[PDB]
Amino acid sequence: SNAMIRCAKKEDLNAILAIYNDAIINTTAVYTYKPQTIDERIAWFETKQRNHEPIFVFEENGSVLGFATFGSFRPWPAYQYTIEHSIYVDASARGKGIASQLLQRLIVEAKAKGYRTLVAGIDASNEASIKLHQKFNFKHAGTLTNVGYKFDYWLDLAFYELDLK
């Protein structure tokens, strides 16, 4: 039972890709329709590396079972102390507290880099994610109704926020 949270590396990308694409195909966790390609994912990784944005993976028994990152919330200079994060856990690996460990690590990194405000965009249907965020003292800041459309129904996006100060 060799389990560890570490920064992601290039050799992780394929695993990461699979996880992400599963989420695209089966859930509203990603407001995307088409599976991402490996080149798109590699460009994403290189861009995160250039921007000094973290990517963490949860790895167990040689397998990447989850990943997490943060970056810009809205693209305007005065949002500089605000970041938005995302967390994805393999569907075969749920119930193991992997999301919780990833979020914990994200928060420690966010505090160490001096950000003020951490934002989660969570689909209103994502009950486990909402519960997890409430556990870490995120406050529900609002809900934008009918902002998304997927699987033939309208989607509501809830914003949760943590004051890192």
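Note that residue numbering begins at 1 and tracks the sequence as displayed.
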property	result
103-111 versus 30-38 - which carries the larger mean C-alpha B factor in the record	30-38
Mean Cα B-factor comparison, 150-158 or 16-24, giving the higher one as deposited	16-24
Highest recorded Cα temperature factor - choice among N137, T117, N126, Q49	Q49
Third assignment of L65 from its chain's C-alpha B-factors	middle
Chain-relative CA temperature factor third for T82	lowest
Entry-reported Cα temperature factor of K96, expressed as the chain third it lands in	highest
Ranked C-alpha temperature factor of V57 among modelled chain residues, by third	middle
Chain-wide C-alpha B factor ranking for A43, given as lowest, middle or highest third	highest
